[PDB]
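For reference, the structure is listed below as structure tokens.
Using ideal geometry, Cβ is built from the backbone for each residue, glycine included, and neighbour counts are taken over all protein chains shown. Please treat every number below as a calculation from the coordinates, not as lab data.
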Amino acid sequence: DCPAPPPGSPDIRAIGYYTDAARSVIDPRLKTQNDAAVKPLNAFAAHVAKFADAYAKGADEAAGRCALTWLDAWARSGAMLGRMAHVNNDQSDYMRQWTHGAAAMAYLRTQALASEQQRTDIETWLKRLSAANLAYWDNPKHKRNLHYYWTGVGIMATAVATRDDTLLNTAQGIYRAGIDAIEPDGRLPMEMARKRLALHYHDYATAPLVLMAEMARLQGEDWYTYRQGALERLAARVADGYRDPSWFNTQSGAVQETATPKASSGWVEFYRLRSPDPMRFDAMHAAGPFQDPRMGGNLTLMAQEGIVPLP
């Protein structure tokens, strides 16, 4: 019983909700308007990740076809390929980057059940989404923070699913841009300027880089070896900050919000299997399970069973 797919409009009109210069203080009304506006995008992502999780469970190919049913529908309608709105900020482009990621991840781990018209429809739609998100960064005034790192997620999964080598090289450049931006002390300067949200924005910048390196294993490449030691410092700062936020308080100049690891912090399931000091990540691991549609669904299960379940 595959549920009805929601409509896939070409246009996205998301609304920025930050009111300060450091983009750290949130307007309740401006947030609630954005959520309702992006609700079809947030609903599409959660279901296709859920449909991928049920397929990964085993003995549930219908769930796998259900995710393809949803992806095919948004592919043929040209979803997210139309007009991008800039109310206050570029939130619409950011939502296109996340939803394309969730869409690509759901396709990457379910494509084994795809039909030939489902392949042409979804892969073509995934490639134009990859191109549209990429060209957005050609304006050098768009500053390449975690939204740039998150852009590589949809491109990387599109490249592994379609064996597109140019899209692979493009995603690799996004990943290496993130690793190269880490300072010797393990900080990300554009994420440290977020005042009370410096720890949250260091944590959500680590997730796209971990997921991209984990998808590189699927093509037999170990991207964790690029400038080895840098990613460890940034992940170590995140884990330490959840235990004691004093370093983020000093370097950001503002006391951090008190929040527990959740959702995209599930990159720690993947990275604890790789770190030279995996016990630093015990406390974050204990806060699981971890699921995030923008990263493919359940991160604890994918960290144990692999990202693509064997057909």
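Has the range 114-121 got any residue that is aliphatic (A, V, I, L, M) and within 17 Å of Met215 (Cβ to Cβ)?
No, there is no match, as no residue in the range 114-121 is aliphatic (A, V, I, L, M) and within 17 Å of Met215 (Cβ to Cβ).
Pairs only if they're at least six apart or on different chains, beta carbon under 8 angstrom, first in the range 156-176 and in contact (Cβ under 8 Å) with a residue 12 or more places away in the chain and of a type in the set (D, E, K, R), second in a helix (DSSP H, G or I) and surrounded by 21 or more Cβ atoms within 10 Å (Cβ to Cβ); list them, first residue then second.
So the pair list comes out as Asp164/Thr158.
Scan the range 247-266 and tell me whether some residue there is under 17 Å from the mean Cα position of the chain (by Cα), surrounded by 23 or more Cβ atoms within 10 Å (Cβ to Cβ), in a helix (DSSP H, G or I) and of a type in the set (A, V, I, L, M, F, W, C).
No, every residue in the range 247-266 fails to be under 17 Å from the mean Cα position of the chain (by Cα), surrounded by 23 or more Cβ atoms within 10 Å (Cβ to Cβ), in a helix (DSSP H, G or I) and of a type in the set (A, V, I, L, M, F, W, C).
Could you tell me which residue of the range 1-42 is farthest from the chain's Cα centre (by Cα), considering only residues that are under 26 Å from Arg76 (Cα atoms) and basic (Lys, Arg)?
Selected residue: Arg13.
Can you tell me which residue in the range 9-45 is farthest from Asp93 (Cα to Cα), limited to those that are loosely packed, with under 12 Cβ neighbours inside 10 Å and hydrophobic (A, V, I, L, M, F, W, C)?
That would be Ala21.
Just checking, how many residues over the range 138-167 are buried (at least 17 other Cβ atoms within 10 Å of the Cβ) and outside any helix (DSSP H, G or I)?
Here the count works out to 2.
Which of (1) touching a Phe, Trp or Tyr at 6+ places or on another chain (Cβ under 8 Å); (2) surrounded by 17 or more Cβ atoms within 10 Å (Cβ to Cβ); (3) in contact (Cβ under 8 Å) with a residue 60 or more places away in the chain does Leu113 not meet, given it meets every other one?
Looking at each condition in turn, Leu113 falls short on (2).
Restricting to the range 283-311, give me the number of residues that are more than 21 Å from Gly64 (Cβ to Cβ) and either outside any helix (DSSP H, G or I) or aromatic (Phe, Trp, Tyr) (or both).
Count: 4.
Being buried (at least 21 other Cβ atoms within 10 Å of the Cβ) and aliphatic (A, V, I, L, M) is true for just one of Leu211, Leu273, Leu218. Which residue is that?
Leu211
Only one of (1) outside any helix (DSSP H, G or I); (2) over 20 Å from the mean Cα position of the chain (by Cα); (3) under 25 Å from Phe290 (Cα atoms) is not met by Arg196, so which one is it?
Here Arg196 meets the rest and fails (1).
Can you give me the ranges of the helices (runs of 4 or more DSSP H) entirely in the range 25-76 with at least 3 residues that are under 30 Å from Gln256 (Cα atoms)?
Numbers: elements: 28-37, 39-57, 61-76.
Output list reads 28-37, 39-57.
List pairs: first in the range 47-64 and in contact (Cβ under 8 Å) with a residue 12 or more places away in the chain, second crowded, with 23+ Cβ neighbours inside 10 Å and in a loop (DSSP other than H, G, I, E, B), Cβ under 6 Å, 6+ apart or cross-chain?
Close Cβ pairs satisfying both conditions: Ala52/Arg109; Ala52/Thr110; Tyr55/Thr110; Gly64/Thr110.
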